[PDB]
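First, one chain by itself in structure tokens, the form deposited in one PDB entry.
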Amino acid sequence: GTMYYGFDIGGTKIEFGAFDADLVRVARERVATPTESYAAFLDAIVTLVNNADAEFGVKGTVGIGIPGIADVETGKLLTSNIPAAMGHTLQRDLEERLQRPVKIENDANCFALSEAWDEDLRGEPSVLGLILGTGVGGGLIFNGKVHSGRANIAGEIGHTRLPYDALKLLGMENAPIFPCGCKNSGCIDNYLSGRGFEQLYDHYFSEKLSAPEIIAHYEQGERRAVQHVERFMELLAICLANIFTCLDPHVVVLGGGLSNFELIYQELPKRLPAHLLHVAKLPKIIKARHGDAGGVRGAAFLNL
């Protein structure tokens, strides 16, 4: 039988998953992300493939989802989330030290592919998978196929700069201009992420709270948190309206930590129309149907 393996490699932990011909998840393991050695990164992955090869008596197709980009020419990763990985040719290493073809894909692309494979979305002309978590990431699907881009950068909406209307909301020349991991400044990755949410609160209120704690205070109706959340929802709507005016997606699926903030699903539909073109219609906006598993599933499904 056909087995499909998937890996979701994150900053803090690696997640492994195995799916059978019916796509039933028959294995799930989480090891910590080995950092400060790349010998140790590599090992963790080939470890899990091997264990699983034995345990099911086969060697199945392999897919990897990682944050950042495999250079379309050299094969080397830009991934400032994973110190241990950066600069290496991850694909090639695994491809021989495993005796079979390895597919590699950006994490947001895996997420979008996982969500779009749902029966409900499979025939939509376009799907945008948006991760609002550690960073801001996008996966573009057109007629069921990932658009990965000339250099594997398609959907890197997190490294676009705040638009004018967002800057105006945040005070124009007084707006906080956050530095970015890509080395540019004012990229939305640092505003609409969970970390961006926290940095914004701290900028206006001079207190170093976590997103969950701000949100808890919001649910208690506390004044600063209510003001922060109003500002954040308007900022989110402005930024997304700019993106939707370019992409006009049929369905937008949200993932990552902030996708669990339920107010988003109420506030986005109310706030987007003001920033969209007058003749625009709202996309269908939905919370991820597979929770946190999109990375693993999409990585495995690269070899469907």
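Note that the rigid core is defined as the largest set of C-alphas that superpose within 1.5 Å between two forms. Sequential numbering from 1, following the sequence displayed.
According to the PDB record, 92-100 carries the higher mean C-alpha B-factor of the two stretches 203-211 and 92-100. Once the C-alpha B-factors are averaged per stretch, 29-37 and 248-256 rank with 29-37 first. In the PDB entry, the Cα temperature factor peaks, among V46, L272, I64, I243, at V46.
Across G149, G135, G181, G75, the greatest Cα temperature factor reported in the deposited entry is at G75. Sort the chain's modelled residues by C-alpha temperature factor and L276 lands in the middle third, per the entry. Annotation for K13: CA B-factor lies in the highest third of the chain's modelled residues. In this PDB entry, the Cα temperature factor of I238 sits in the bottom third of its chain's modelled residues, the lowest group. The entry lists a Cα temperature factor for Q220 that places it in the highest third of the chain's modelled residues. Compared with the other modelled residues of the chain, the Cα B-factor recorded for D120 ranks in the highest third.
Below, we refer to the form deposited in another entry, which is not included among the displayed structures.
Here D43 counts as shifted, since its C-alpha moves by at least 2 Å between the shown form and the other one after the core is aligned.
Once the rigid core is overlaid between the shown form and the other one, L94 counts among the residues whose Cα shifts by 2 Å or more. With a change of no less than 3 Å, the CA-CA distance between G196 and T33 is larger in the other form than in the form shown. Between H159 and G10, the C-alpha separation grows by 3 Å or more in the other form, relative to the conformation displayed.
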